[PDB]
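Form deposited in one PDB entry, single chain, as structure tokens, below.
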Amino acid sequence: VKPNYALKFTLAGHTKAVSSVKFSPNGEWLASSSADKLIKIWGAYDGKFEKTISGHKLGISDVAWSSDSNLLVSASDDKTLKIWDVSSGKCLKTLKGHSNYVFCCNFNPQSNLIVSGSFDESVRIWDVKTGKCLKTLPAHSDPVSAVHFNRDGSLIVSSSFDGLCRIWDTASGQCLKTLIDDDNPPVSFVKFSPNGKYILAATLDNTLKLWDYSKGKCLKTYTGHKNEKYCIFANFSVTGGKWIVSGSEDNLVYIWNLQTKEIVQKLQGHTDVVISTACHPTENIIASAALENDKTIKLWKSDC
């Protein structure tokens, strides 16, 4: 059984590299962030451009949706995050306190907290309502490439160029687990599986790994793509077949069977590094986005 993703829409309008695309939890929208300092909102099913959200002074590296699809948070080279009301497009809060580029961000499922990672090597936990920084975790010894809450918000997973993935207790800020690899390649991406029991970690040696973190054991390895230079978003695809989806520095989207680790599809058409992929919450739809030579978002649709 293999998916049959086919190109449906190419979304143009960003004027520099796209950095991140995310589907809204309610499935209605795709949000894209860009080095061009802008957030754009697109219709998930018809690809229709909806609006541009602006205000960051420098380029954006990540954007994330609140669980009710009403808010966005963005992470910028200007050292801030911004919380945006999607309906109005207005900046509700500017989150200040990182001392270098903010690289990655996410809401917790309750969506009263934001977690951020920065080139300043810290992970910060913020109050959505007030914008207060509640905790600063000295998480890593090099830039922090990804931050993600587990299903109930009780854990945070972070990854860094220092070669580590760390699991943190949200309430206390204490590190509960550090996964290490003897070769210590930079960890460029990490995220919890939908059920929260596993983590998917990218390393800059062209490798994705599925870890059981309750046991600290690597259960699967996915290869064949190119990933040596960029922090490329990867995903669990669960609406149809159980896949792993990732961008790649050879301009393709890679899709693997999660259990067998075989590549089941490669999506061709981008003209630069596919820096970001996202999977729709209910339909077999992938959004992909690429760097400076391309600047576009593509929407792909599969029967399974």
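Note that residue numbering follows the sequence shown and begins at 1.
Just so you know, the form deposited with a small molecule bound exists too; it's not on screen, but the next bit is about it.
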property: Candidate stretches 232-240, 48-56, 263-271, 64-72 - the one whose heavy atoms come within 4.5 Å of the small molecule in the deposited complex; result: 232-240
property: 4.5 Å heavy atom contact, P194 and the small molecule in the deposited complex; result: yes
property: Heavy atom of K220 within 4.5 Å of the small molecule in the deposited complex; result: yes
property: is_contact(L258, the small molecule) in the deposited complex, heavy atom dist at most 4.5 Å; result: yes
property: The small molecule contact in the deposited complex: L210, any heavy atom under 4.5 Å; result: yes
